[PDB]
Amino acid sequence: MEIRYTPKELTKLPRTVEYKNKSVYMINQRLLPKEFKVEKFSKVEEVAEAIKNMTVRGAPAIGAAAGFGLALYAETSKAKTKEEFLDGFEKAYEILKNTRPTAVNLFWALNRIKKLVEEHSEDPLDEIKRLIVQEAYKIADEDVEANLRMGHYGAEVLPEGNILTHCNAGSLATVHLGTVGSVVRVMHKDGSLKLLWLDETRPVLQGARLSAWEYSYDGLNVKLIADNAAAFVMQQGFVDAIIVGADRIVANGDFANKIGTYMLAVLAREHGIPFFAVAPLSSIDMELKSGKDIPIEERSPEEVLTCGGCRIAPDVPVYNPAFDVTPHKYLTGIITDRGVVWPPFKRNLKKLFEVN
């Protein structure tokens, strides 16, 4: 696998989150798709609020934001001793930790820096600062390079033609390029993406609001449809392959993804349309044996009773599972940042983990 493209050749978008001149810069994902704006944040409180705000979203972008919040702390701290600095650093760690206490990459990112600083607490204070900043760049850059690899691996295995996806697994859901987004960006550059179908993805509408915007921004050929219509476009012969992201892949290859993914897996199979998940190794949870061990999160009934700003239903009971679980047998393959995993997934995933 040779990486043939740089990020800048694949997208015209800036990084979802960037650190430059003692400032954290974030695409404002609350204003999309009406307005495209890069917010500039100069205090750790502003960064924390922007995580709580969901000004930034997508697990790795949130991680990088938090990590760059500590970098910002390091370059900005008015501390006159190492003791003061470390005390401030702990305060800053805690402020950033308690934005979304559940979001997993947030915790990884902060703890990775925290742990590096404790390990180096006896180094000179300029060297601790240097290390923190360096670490925050490493977190961001690792996401981007995982995405670069995924894109090229995925682009080898998907057919040319018409691809269909679900939700938002683009540049906005990552530091840069996307998971799905990387694959379709490489395909687009290669001339092999004729059409990208985008499920709007109710209830939260990240397909319509986010995917439709970024893929359009980059000049991909795109068509936005109601979720109801994915089966129709498959039935009419309009889809050559389906690619989705994953919130969590477990040991046998079962995976959790935005609600509707399971629907697509079953329709793909009915039409013999190749069906792929794409995610980095860090999204594979080898602790859980199968899909039945993934706990189902339900979100507010307001996400269904409303649609954008508009209230479109009477006060009635709702069921709003955020994620469904797709059994592994529906997968043609799993595209990762270390190559494509083929059936049997159990065996090939555990291989992948031993050799990477």
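Numbering starts at 1 and runs along the sequence shown.
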Which of the two stretches, 96 to 104 or 262 to 270, shows the higher mean Cα temperature factor in the record?
-> 96 to 104
Stretch with higher mean Cα temperature factor, 114 to 122 vs 154 to 162, is 114 to 122
Selection by C-alpha B-factor (highest) of 243, 286, 205, 195 | 286
Tell me which of 313, 61, 296, 331 tops the list for C-alpha B factor in the record.
-> 296
On the chain's distribution of Cα B-factors, residue 253 falls within the third called middle
Which third, lowest, middle or highest, does the CA B-factor of residue 26 fall in along this chain?
-> middle
Please place residue 308 in the lowest, middle or highest third of its chain by C-alpha B factor as given in the entry.
-> highest
Determine, from the deposited record, the chain-internal third of the Cα B-factor for residue 38: lowest, middle or highest.
-> highest
Split the chain's modelled residues into thirds by Cα B-factor; residue 86 lands in the highest
